[PDB]
Amino acid sequence: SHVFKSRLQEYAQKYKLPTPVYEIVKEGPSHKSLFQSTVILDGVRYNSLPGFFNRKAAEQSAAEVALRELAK
């Protein structure tokens with residue numbers, strides 16, 4: 001998904017917070033791995049959906065979750 005990581009970075013910078021950092025979790029068969037990510041921003045942890053096929057897709061999902069929650 002194209003744009004969630006960059007939108008979250010812009011948010012971080014606007015609000016004087018460190019660049020979001022991503023934890024990447026990998027599981028399953030070595031060549032059918034599944035990925036989940038947690039983004040950490042201003043101390044707060046936001047979790048992606050499970051079951052992505054690569055780290056970037058997971059990270060984007062985590063950033064999406066973060067953005068949605070920051071708006072509530």
Side-chain angles (χ1 to χ4, degrees):
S1 18
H2 315 328
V3 67
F4 304 117
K5 291 176 82 179
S6 59
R7 286 185 187 153
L8 190 65
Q9 175 53 249
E10 286 179 21
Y11 180 97
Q13 193 183 95
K14 172 168 167 175
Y15 290 95
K16 298 308 305 193
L17 312 170
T19 298
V21 69
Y22 296 82
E23 290 167 6
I24 303 163
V25 170
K26 189 185 177 189
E27 305 179 349
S30 63
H31 294 255
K32 306 287 161 178
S33 292
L34 290 178
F35 294 82
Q36 195 266 336
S37 175
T38 301
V39 67
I40 305 100
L41 177 66
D42 196 26
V44 189
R45 301 176 54 87
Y46 307 90
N47 288 95
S48 77
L49 284 185
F52 291 101
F53 304 147
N54 60 76
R55 62 98 160 176
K56 283 190 186 184
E59 292 177 341
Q60 291 285 357
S61 172
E64 178 181 358
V65 170
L67 294 162
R68 286 185 183 279
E69 191 60 36
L70 289 157
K72 288 173 169 177

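One is the number of the first residue; the rest follow in order along the sequence. Heavy atoms only: backbone and side chains are in, while hydrogens, waters and symmetry mates are out.
Applying the side-chain contact (heavy atoms from CB on, under 4.5 Å) test to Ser33 and every residue at least two apart in sequence or in another chain returns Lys26, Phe35. Take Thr19 and apply the side-chain hydrogen bond (donor to acceptor under 3.5 Å, both in side chains) test, not counting sequence neighbours, and it matches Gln9. Among residues two or more places apart in sequence or in another chain, the side-chain hydrogen bond (donor to acceptor under 3.5 Å, both in side chains) test is passed with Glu59 by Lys5, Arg55. Scored by the side-chain hydrogen bond (donor to acceptor under 3.5 Å, both in side chains) test, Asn54 finds no partners at all (sequence neighbours excluded). Here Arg7 pairs with nothing under the salt bridge (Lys or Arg N to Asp or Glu O under 4.0 Å) rule; sequence neighbours left out. Legend: residues meeting side-chain contact (heavy atoms from CB on, under 4.5 Å) with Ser61, ordered by chain and number and at least two apart, are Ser48, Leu49, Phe52.
When every heavy atom of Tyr22 is checked against every heavy atom of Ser37, the shortest pair comes out as CD2-OG, 3.7 Å. The two residues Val39 and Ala63 make their nearest non-hydrogen contact at CG1-N, 4.2 Å.
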Listed pairs under 3.5 Å, donor-acceptor, residues 10-18 side chains, sequence neighbours left out:
none

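Sorted by first then second residue, the salt bridge (charged side-chain N to carboxylate O under 4.0 Å, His left out) pairs that include residues 45-54, not counting sequence neighbours, are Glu23-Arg45.
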- Task: Report the C-alpha distance between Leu8 and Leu70 in whole Å, list the side-chain angles of each, state the deciding distance to 0.1 Å, and finish with yes or no for side chain to side chain contact (heavy atoms under 4.5 Å, CB included).
- Result: CA-CA 10 Å; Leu8 190 65; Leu70 289 157; 3.7 Å; yes
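Members clustered with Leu34: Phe53, by chain and number, using a 4.5 Å side-chain heavy-atom cutoff among hydrophobic residues.
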